[PDB]
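Below you'll find the structure, written out as structure tokens, and then a few comments.
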Amino acid sequence: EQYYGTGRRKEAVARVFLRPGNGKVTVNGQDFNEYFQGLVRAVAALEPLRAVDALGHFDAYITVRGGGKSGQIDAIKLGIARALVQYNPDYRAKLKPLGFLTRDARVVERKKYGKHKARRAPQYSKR
Amino acid sequence: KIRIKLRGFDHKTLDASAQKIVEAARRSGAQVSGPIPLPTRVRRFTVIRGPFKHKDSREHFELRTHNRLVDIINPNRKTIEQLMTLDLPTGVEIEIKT
Amino acid sequence: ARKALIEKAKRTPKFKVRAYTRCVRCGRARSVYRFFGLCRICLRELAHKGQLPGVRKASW
Amino acid sequence: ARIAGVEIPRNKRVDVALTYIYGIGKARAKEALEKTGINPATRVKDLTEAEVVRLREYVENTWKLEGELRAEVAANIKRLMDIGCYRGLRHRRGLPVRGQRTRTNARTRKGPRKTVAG
Amino acid sequence: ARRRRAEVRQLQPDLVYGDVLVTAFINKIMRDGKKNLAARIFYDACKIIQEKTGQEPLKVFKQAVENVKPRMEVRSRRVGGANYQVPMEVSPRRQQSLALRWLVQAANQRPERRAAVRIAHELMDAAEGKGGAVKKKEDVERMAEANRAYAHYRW
Amino acid sequence: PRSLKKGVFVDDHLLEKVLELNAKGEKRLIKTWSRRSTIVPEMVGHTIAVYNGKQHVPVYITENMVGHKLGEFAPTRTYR
Amino acid sequence: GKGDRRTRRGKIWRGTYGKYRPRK
RNA sequence: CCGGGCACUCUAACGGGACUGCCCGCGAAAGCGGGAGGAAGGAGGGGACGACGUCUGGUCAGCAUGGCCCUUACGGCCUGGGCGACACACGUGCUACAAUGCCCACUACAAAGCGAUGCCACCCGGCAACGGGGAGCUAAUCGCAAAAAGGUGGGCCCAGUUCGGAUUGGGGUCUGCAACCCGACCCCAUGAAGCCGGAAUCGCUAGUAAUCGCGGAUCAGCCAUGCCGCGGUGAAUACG
Ligand SMILES: [K+]
Ligand SMILES: [K+]
Ligand SMILES: [K+]
Ligand SMILES: [K+]
Ligand SMILES: [K+]
Ligand SMILES: [K+]
Ligand SMILES: [Mg+2]
Ligand SMILES: [Mg+2]
Ligand SMILES: [Mg+2]
Ligand SMILES: [Mg+2]
Ligand SMILES: [Mg+2]
Ligand SMILES: [Mg+2]
Ligand SMILES: [Mg+2]
Ligand SMILES: [Mg+2]
Ligand SMILES: [Mg+2]
Ligand SMILES: [Mg+2]
Ligand SMILES: [Mg+2]
Ligand SMILES: [Mg+2]
Ligand SMILES: [Mg+2]
Ligand SMILES: [Mg+2]
Ligand SMILES: [Mg+2]
Ligand SMILES: [Mg+2]
Ligand SMILES: [Mg+2]
Ligand SMILES: [Mg+2]
Ligand SMILES: [Mg+2]
Ligand SMILES: [Mg+2]
Ligand SMILES: [Mg+2]
Ligand SMILES: [Mg+2]
Ligand SMILES: [Mg+2]
Ligand SMILES: [Mg+2]
Ligand SMILES: [Mg+2]
Ligand SMILES: [Mg+2]
Ligand SMILES: [Mg+2]
Ligand SMILES: [Mg+2]
Ligand SMILES: [Mg+2]
Ligand SMILES: [Mg+2]
Ligand SMILES: [Mg+2]
Ligand SMILES: [Zn+2]
């Protein structure tokens, strides 16, 4: 009937709803390529489907908020994989070596005092 | 429909003194929708460690205001019995509207 | 903090602009946080003694 | 063609070409092409003699341009100096007149850097 | 890397040709962290590789990269009071790095007005064995073996 | 490219002084510590000693000097 | 660039508004 | 947006979870190499945290304090000037020198913060700064607010230019008793040096460098390009 996943990347969340159908994807009411497209990376979001050979089997309704559009792409990429897992658990063993179900823990590193940004040190002369 | 806003510097004190209001209003009153967390207001102060020069020292402090919700449905007059004044908490401040 | 300069507090500064804040504790002119009314040094000292309610060491 | 004094802009957009007029920047060019109803996109070589005549008509006397402009500025500075103003002094010894630090920088006003011993 | 052996970063495959080498090239083209504009440049370049050459831009690319790879380079060494230029082999990784880098640099040295054209033309010329990149390669391989006498300083 | 606002500022110390002179005459000089005061037409022809922080400088004022502050005619710093 | 008072980016950098960077 | 509902997102309290626990190999052991499962492994990432002591390090000018010294002035009030001087020299930075770019128009995604003599939606006047009017907000409920780079469309066509905005002339707005010395901001005109920088020299090993914007503290205003934070996009390389 319907299958759900979340996923997150770089402080961006996406609700991913897989509803069996034609394969047309919706994000925030817009077409998939309305939101993306002008972004080369975009297609990567749908990589889980292409991995399990889903594609035109499931349709998708996706809510997306947080981060920038690339992080949103990765979060979507997770959510699709999670919902896909909830559908058929036997997908996990196929999906895992690609690591699509792996959350990416990389986050903007805090700025530290005395530095310029978080690492970069103020330059000096000494003479 | 009684609006309550609980603010304080101690999350322990707030969270604990809210459930007192809730439990007091449960017996004498409605389902008591219960505390909704609300975001915290964090105020930072960054200050140089030393009295002289040494601009690279810092060590900032933070002062944070936690919030709580309550908001009991069915403002029964029987409820204000266990309610009104019975409380432990000191550094909690309470706001109330209709 | 020279003692005559603690004439800072004046109901009659003669102009609103001539009114400047100082540290209520040590009498420091520069680096005076408006929230605490203190200066930065006193701020750190008292914060370390635990005399400023809610003020904690921040890390993240 | 020849507009507002001895200067002839050529072979590029009329606005950008009008920029080469002394007292005329991008704003006044935009405005002049606006009130004269000329498409700013056309090349100067594509301007109708009618259009050029109209442009000249407007621009020539609406704002003070070129030589008269320069003369006016020179007369302003000369005035500043003659009255004994402070700005007059800063103009006199060639230092920043707008109240900027002369300790370092202030090079463009002071010109090339003349080094001595230390 | 004083302690470890410093393992190599694996790159995500290309979104089009599914090749990691492509991605690497994309990254070398990248400037101020704009990947999108980079991909724009390279793919436009690929579409320029056709209707010039009838072949597949992938093949042209890979073969150019293969032609730019130096087999020998010269590294300096301090020996007994002087500094000698010592010839020696180039590990495959460094071959790839130098190849891609040189391709991009030579590309931006070109006269052509816009990026994609520059990358395309450089890619082609290098693929058939001419152009700035190959000039670099041959210059380096010439430096080494001109220094042949120092080959026993190898290390 | 300067500015002040509508309601131009002139210190009322000498403002009444100069017209007090104008009523009965010209007299001689003046001594003013306020250099922040704008120049107005009624001042023309007079002479104003302006404090440069050290001494009072005898600034004679003309028709073309109107609108500038007195301090512009009394430079504070001594250079070379 | 970011130093041109009369440009959009100039306004953004300088943090102000005006003729070249409207408030809508 | 209304009814309606805590499933999801989020918010903020408690709690679970990872310990070389399991498999193979090496080892006397501690442990090392690899693999499985897992969101995460071998210190998962980043903070707070800096030993006995060293530099007769810095600060009596934040405060405290021994000694010494001035007490019609080495104390005190005020107006004005100065800390903003400019032949020069250095440090840290900002903006650039352009087409992987600049400009105009339209359009999309964030986090952390601040807000009552405050933030100021919306309407009108003004090219604009801004002015007049005025709703909401003790603020997850209103405002600052526009995020920018990005995407789409169009202009520029390699030139000191539609690059770059210093300098200077003129006209204004705001704060403030008061912008000459010595404020910021708007508009018109001006349109400098600069074509990637000698010897020398600096930072950074991953969401880092690079790049793009956003907020705050102090403060009437502001010389903030500084500092302290926030997120967007997101590399190269490490033989040794
Ligand atoms: K010059
Ligand atoms: K040696
Ligand atoms: K840790
Ligand atoms: K000592
Ligand atoms: K450079
Ligand atoms: K830039
Ligand atoms: Mg960042
Ligand atoms: Mg330290
Ligand atoms: Mg004292
Ligand atoms: Mg003040
Ligand atoms: Mg103060
Ligand atoms: Mg001109
Ligand atoms: Mg000066
Ligand atoms: Mg070793
Ligand atoms: Mg080269
Ligand atoms: Mg006025
Ligand atoms: Mg410009
Ligand atoms: Mg629930
Ligand atoms: Mg420890
Ligand atoms: Mg100073
Ligand atoms: Mg001198
Ligand atoms: Mg001399
Ligand atoms: Mg120095
Ligand atoms: Mg709005
Ligand atoms: Mg309007
Ligand atoms: Mg709401
Ligand atoms: Mg475009
Ligand atoms: Mg275009
Ligand atoms: Mg120009
Ligand atoms: Mg030149
Ligand atoms: Mg050029
Ligand atoms: Mg030189
Ligand atoms: Mg060098
Ligand atoms: Mg390191
Ligand atoms: Mg401020
Ligand atoms: Mg200044
Ligand atoms: Mg700022
Ligand atoms: Zn103090």
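Residues in the structure tokens are named by chain (A, B, ... in the order shown) and by number from 1 within that chain; ligands are numbered from 1 in the order shown.
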
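Taking only C-alpha atoms (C1' of nucleotides) and all ligand atoms into account, the protein and nucleic acid residues that come at most 12 Å from ligand 18 are residues 36 of chain B; 5, 6, 7 and 8 of chain H.
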
Practice task
Check which residues fall inside 10 Å of ligand 34 when counting only C-alpha atoms (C1' of nucleotides) and all ligand atoms, and print them as an MDAnalysis selection string.
Solution key: (chainID A and resid 119) or (chainID H and resid 204:205 208)

Exercise for the section: Within 12 Å of residue 34 of chain B, counting only C-alpha atoms (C1' of nucleotides), which residues show up once you throw out same-chain ones fewer than 3 positions away? Write them as JSON, numbers by chain, please. Expected result: {"B": [3, 4, 5, 15, 18, 19, 20, 21, 22, 23, 24, 25, 26, 30, 31, 37, 68, 69, 70, 71, 72, 73]}

Exercise for the section: With a distance cut-off of 9 Å and only C-alpha atoms (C1' of nucleotides), select the neighbouring residues of segment 53-60 of chain C, excluding the residue or stretch itself and same-chain residues fewer than 5 positions from it, and output the selection as number ranges by chain. Expected result: A: 110; B: 8-10, 44, 59-65; C: 47-48; H: 46-48

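For ligand 31, the set of protein, DNA and RNA residues within 10 Å, based on only C-alpha atoms (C1' of nucleotides) and all ligand atoms, reads residues 97, 98, 158, 159, 160, 161, 163 and 195 of chain H.
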
Okay, now the selection with C-alpha atoms (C1' of nucleotides), as a PDB file, in the first residue's frame?
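Listing of out25.pdb after writing:
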ATOM      1  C1'   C H  97      43.281  42.633 -11.558  1.00  0.00           C
ATOM      2  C1'   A H  98      38.099  39.290 -14.757  1.00  0.00           C
ATOM      3  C1'   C H 158      38.806  40.026 -24.320  1.00  0.00           C
ATOM      4  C1'   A H 159      39.245  45.883 -24.360  1.00  0.00           C
ATOM      5  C1'   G H 160      41.962  48.558 -18.712  1.00  0.00           C
ATOM      6  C1'   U H 161      36.599  47.137 -20.878  1.00  0.00           C
ATOM      7  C1'   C H 163      36.684  44.266 -15.442  1.00  0.00           C
ATOM      8  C1'   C H 195      46.962  42.312 -16.537  1.00  0.00           C
TER       9        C H 195
END

Exercise for the section: Could you tell me, as a list in words, which residues of segment 62-103 of chain A DSSP assigns to strand (DSSP E or B) when given the backbone? Expected result: residues 62, 63, 64, 65 and 66 of chain A

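Minimum atom-to-atom distance to residue 39 of chain C, evaluated using only C-alpha atoms (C1' of nucleotides), belongs to H:62 out of H:169, H:198, H:35, H:62.
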